[PDB]
Each structure stands twice: as C-alpha cells, then as structure tokens.
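A single chain comes next, written as structure tokens; it is the form deposited in one PDB entry.
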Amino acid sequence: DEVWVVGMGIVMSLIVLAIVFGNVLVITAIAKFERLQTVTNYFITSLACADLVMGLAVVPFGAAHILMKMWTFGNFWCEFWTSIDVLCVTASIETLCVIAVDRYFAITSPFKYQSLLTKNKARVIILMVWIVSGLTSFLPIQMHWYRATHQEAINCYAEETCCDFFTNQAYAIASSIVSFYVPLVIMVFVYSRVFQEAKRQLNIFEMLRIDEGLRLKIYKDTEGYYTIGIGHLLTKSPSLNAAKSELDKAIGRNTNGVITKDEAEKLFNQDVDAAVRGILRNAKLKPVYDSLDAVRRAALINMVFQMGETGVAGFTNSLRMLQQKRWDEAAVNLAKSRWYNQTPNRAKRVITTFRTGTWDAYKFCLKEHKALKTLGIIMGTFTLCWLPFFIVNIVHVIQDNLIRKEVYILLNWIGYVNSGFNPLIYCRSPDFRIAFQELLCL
C-alpha cells in the first residue's frame, strides 16, 4: 500500500532524471559542437528546452500531486504549474510543425536541404513560437477563461490543496484544436510531402552513389588504376600526373586531384551516356534493355558500371528472363553468381530492383534521407504519445466521465514521458552519437 509509493516515487524520480539528463545533453551538444549548429538543430534546441522545462517545472509536481494524493504547493503555483504544462506541450508541437515546414522548403529548394532561413531568422521564428504558445497557454489560464461554472469545480478552485484541471467545454474544444490539432494536422500533411519528395529524388545517380560510392579525391581502384567520383576511370597509367591531366581535361579546370560532388555527378551522367550507347551496340544486351522500363534500365546500367558489358552479357539465362518479365526467376539466377557472392548487399539491392521495378531498395540509404526518418520518428512518437490524451479531451466534451480519471491521468503521463525519448531517438544520428560520447568522456 505505502511501500508502493516509495517504489512509484523512485520510478517517477528516474523519469525526471531521464528527461533532464538527456535534454541537457542535447542542448549542450548543439551549443558546443559547431558541426551540429544548423537551423534544424536550433528548432531541436527549442524542442529540448520545452522538454527540459517539463522535466524540471511540470513532471516533478505532477508526480508529487499523485503520490501525496493532494496539492501542497498552493493555488498560485497550481495555476502557474498548469500554465507551464500547457505551454511546453503547445511549443513542442508548434516547433515540430515548424521543422516540417522548414524541411519541406529545404527539400524542394534548388539549393536543396539548406533551409531558406538564416540562423538569425530561425531565432526569430523560435522566439515567435514561444510567444504564440504563451499567448495561447498563459492568457486563458491566467485570465481564467478555462474554468468551469459547476460547484465541484468552484470548490476545487477555491481549495488550496485541490489542483484538478476542470475546464469549460468551449475551452476544452477551442484550446485543444488551436494548441494541438491544428499544428498536428499541418505537420503530418507537410511531412508526408517531405517523404514523397525525398523518395522522388531517388534516381540512377543516387543508386550508384549508394552502391559504388562518390569519391571527391583521386584514388586507386581494385586494379590499381587512378579513378575518381563514382568509379570514373581516368587512365590506366601509373603516373598520377597523367590522371590529373585527364581529370582537368574532363572537368575543365586545374583540380589538383580534388572535385566537387556536383562535378562527380557531371562525369557520372557522361559515363551513364556512354554505358547506354554501349548496351545498345551489344547484340545480347540491346533486346533486354529495349524491353525494360526506366527503373530496371538503371538496374542494368548499374551492373554494366560494375562488371562491364561482357560481364553482364554472360548472364544469358537471367537476361532472357528479364526480357520476358519473369522477374523472380531472373532474381533466382542472378543470386547464384560470383557477383552476388562478392558484393551481396549491392547485388541484393539491384536484384530486388529488378524484382519490383521501384527504387524501394534504396530508401533510407542516403545520410540525408536517414536524417529525415529521424525527424519523422520524433514527430510520430510525439503524436502517438499525446494523441490518446487529446482524443479524450474531445470525447469528454461529447460525453463527460466516459473514461475513468485514472485512465485520463495515465494518458497524460504517456504524454509527459515523451519528453524523455527524443534524446534517445537522436542517437540514430552519427553526429549526435559522436557528440554525446565526447560529452560523456568516451
């Protein structure tokens, strides 16, 4: 009975420590490491502050209120505490929604992924998020617009040891729509469009960038030959200066061995052009290529990049099956090669691409697309943690008392606890993971 309290107390204490520790760690990492000082990370910091305030100002007193079974901090702080609670939750979803809109413009911009905002404009957007969240959280609570007019509530308001958030229905509806449902619907809609855009960037360049790798500096390939970019061969000569000469002549400037990503892409589109002409001159590949759709043609080119036309022309049975659209059987045969034996992962992705005729095997391979999934995970987690709570606010406007007080409280704590997850979700990033382990003396 009572020993349960201590044990429940220690648990809630660890929840508070978890929220404060992890969010402190996120703030410190972005504030300390110049590498992590990006526009997105400024909004993340804003998100981390809302969760930090939840962990220090909201969760500790909510815990105490439950364990003591009464409010001991008085009416002033009950109303203040209540205001911070609503503020932090409102600012969180408003920020998440700003991240979605920012990522949408970043990913659709011709200067792709750079936010259209400067660091200073981002601070103003953040400041404006906290002002708007305050205007929508503190005003109604401090102006007493939220309060119900029935006696049980009136008693609780006057009662210094009672801190139950009894509200009128109009507030229950209006506040929950404006603070939560509006920015949630926008976030979800806009960030689903971010994924569609991200998916739509997948193409042969990205495919070979994932499968072969883009190298900005001259390197020796497996045969010892000087190569650059996505396996672009410069010369078979052992003279480096001979490679550099060919590189400069190809790129159109003094490179000194180093090229930009966009120049690697220029060379790659030429190599692709060359591969296709070669395929169309090869009696055994031409019929196959001719019959394939655009995505499977990228598959074939991918293989020609890796093994040359001859190597690929030797897949006589697989080529015939591909020509007939017998995809699974083609895949059975292709999986039985020295190719799949040597580069299984790459082969897996190309064969699967021959199976589906979509780019699905290349989803979330690129660091930037992985980063977009991380953000999507932050958003989805927040949604799943708070949605039940906010559904019950509206359900109680329709028919009150349908769901027990203890269930409603538990759904609120699922919301609270969410303030501890984002720091763990950021361990998906290699940059945060590196940042953290430095900060924790590893």
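Note that residue numbering follows the sequence shown and begins at 1. For the two forms, the rigid core is made up of the largest set of C-alpha atoms that agree within 1.5 Å on superposition.
One more form of this protein exists, namely the form deposited in another entry; it is left out here, but the text below deals with it.
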Tell me, with the core superposed, which single residue in 267, 117, 366, 178 has its C-alpha moved by at least 2 Å between this form and the one not shown.
267
Just checking, between this form and the one not shown and with the core aligned, does residue 74 shift 2 Å or more at the CA?
no
Would the C-alpha of residue 168 be classed as shifted by 2 Å or more between this form and the one not shown after rigid-core alignment?
no
After the core is matched up, is the C-alpha of residue 332 off by 2 Å or more between this form and the one not shown?
yes
Can you tell whether residue 263 sits closer to or farther from residue 360 in that other deposited form than it does here, judged by CA atoms, where the change is 3 Å or more?
farther
